[PDB]
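Below you will find one chain, with nothing else, as structure tokens; this is the form deposited in one PDB entry, and questions on how it binds or moves follow later.
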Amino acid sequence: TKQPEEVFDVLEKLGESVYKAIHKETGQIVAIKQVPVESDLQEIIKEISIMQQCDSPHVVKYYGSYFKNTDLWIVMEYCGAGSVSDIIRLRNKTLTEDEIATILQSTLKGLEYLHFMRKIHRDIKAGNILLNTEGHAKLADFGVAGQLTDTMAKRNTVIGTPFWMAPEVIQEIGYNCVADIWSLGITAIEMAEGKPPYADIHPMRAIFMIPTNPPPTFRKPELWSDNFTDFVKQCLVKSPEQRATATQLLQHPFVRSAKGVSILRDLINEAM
């Protein structure tokens, strides 16, 4: 119930509108997203309602909102390294298997938690996985997330970002939490190659082919271990009923043996 600029000292812009700020009472660094109150709020409202219901170390926290002048200030957990796709672009380097194993282990714990709560993220991609400066990965951008309920055991909205969308999401048939596991497999290729399969095709053409085409594979299979190859194959099983869960993939040899967040220390330092 206090004015936002007496609670927060706003520092630099982080994105275009998102700012770094200090919570003046604890010295904790936060991210503040500022949107005009007169803008289209549909996805911000959806996003904030999903984040408010989540309490996981693997999901970006929401701390609250304020009116300031004619803007809405949305206060969130600060992830100082930015997104995985920011880190790939900034270093001009794809991630090693070990870096990918460590990031995807934390991503999978975030998926396991969301899936237990009957949430589907629906936009899993390197752009939507943020790292804090200590190297802990967090799921962000709940703008298109779905909620299963007792009476609605499936969603059927064709939604997501085309290159990352599961075949059953593109097709008319309903789907459930394991749509995110397909998106995770595409994200694994994205982190290893810098872009998803079909990145150079028109998105609306790519969406037409994903349901009919075989599961994608690495562009240069000889670069990658049997474990990494098998991990991607399990993620990209076309049958949703047969596809591995987040819990099961946490035991996959590629993930189960991942190094701690220290292997991301070089990576984060170079990026920042």
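Between two forms, the rigid core is the largest collection of C-alphas that superpose within 1.5 Å. A residue's number is simply how far along the shown sequence it sits, counting from 1.
A second form of this protein, the form deposited in another entry, is not displayed here; the remarks below concern that form.
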item	value
Flagged residue of 206, 235, 32, 60 - C-alpha shift reaching 2 Å or more between this form and the one not shown, core superposed	32
Displaced residue check between this form and the one not shown: residue 175, CA, 2 Å or over, core reference	no
Residue shift check between this form and the one not shown, rigid core fit, residue 41 Cα at least 2 Å	yes
Rigid core superposition, residue 6 Cα moves 2 angstroms or more between this form and the one not shown	yes
Cα-Cα trend for residue 43 and residue 89, given that in the other form the distance shifts by 3 Å or more	farther
Direction of the Cα shift between residue 39 and residue 145 in the other form, where the change is 3 Å or more	closer
